[PDB]
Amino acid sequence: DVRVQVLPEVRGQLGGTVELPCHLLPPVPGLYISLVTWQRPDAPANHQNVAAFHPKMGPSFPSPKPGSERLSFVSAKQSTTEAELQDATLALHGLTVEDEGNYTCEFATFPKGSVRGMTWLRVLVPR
């Protein structure tokens, strides 16, 4: 019923800001998004969870790489009023060669369960 819409590959220049789109579709009434988590499946155990968003608490960045300084949630908003976690688009400011890789966006929902989508980040090199 519920699915994750993500781009298969996202290309971005070195140093520039890029967007990793993640959307939970279609909007189902009665379905509650308990958590949103961005993960790097290639990175080690202590560097898996790069970004997370809670409907009440808001955003958090557990991994120090890329960290809070280079990451941000584009449209995700917390409740103060109801929360909107449907749009899990992540922004990557100051792109480096280490950021090139796989990014899995996961939605912890009730009662449908867990739904995820994966995107490859292609860091373009100049000269």
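We call the rigid core the largest set of C-alpha positions that still match within 1.5 Å between the two forms. Residues carry their position along the shown sequence, with the first being 1.
For 93 to 101 versus 41 to 49, the mean Cα distance to the shown form in 5 other deposited structures of this protein after rigid core alignment is larger for 41 to 49. Coordinates are given for every residue of the deposited sequence from residue 46 through residue 47, so that no gap is recorded there. In this entry, the higher average B-factor at the C-alpha atoms falls on 118 to 126, of the pair 1 to 9 and 118 to 126. Between 61 to 69 and 35 to 43, the higher mean Cα B-factor belongs to 61 to 69. When the C-alpha B-factors of 14, 108, 25, 22 are read from the PDB record, the largest value belongs to 14. Ranked within its chain, residue 89 lands in the middle third, by CA B factor from the PDB record.
Per the PDB record, residue ranking by Cα B-factor puts residue 97 in the highest third of the chain.
Among all modelled residues in this chain, the alpha-carbon of residue 83 has a temperature factor (C-alpha) in the highest third.
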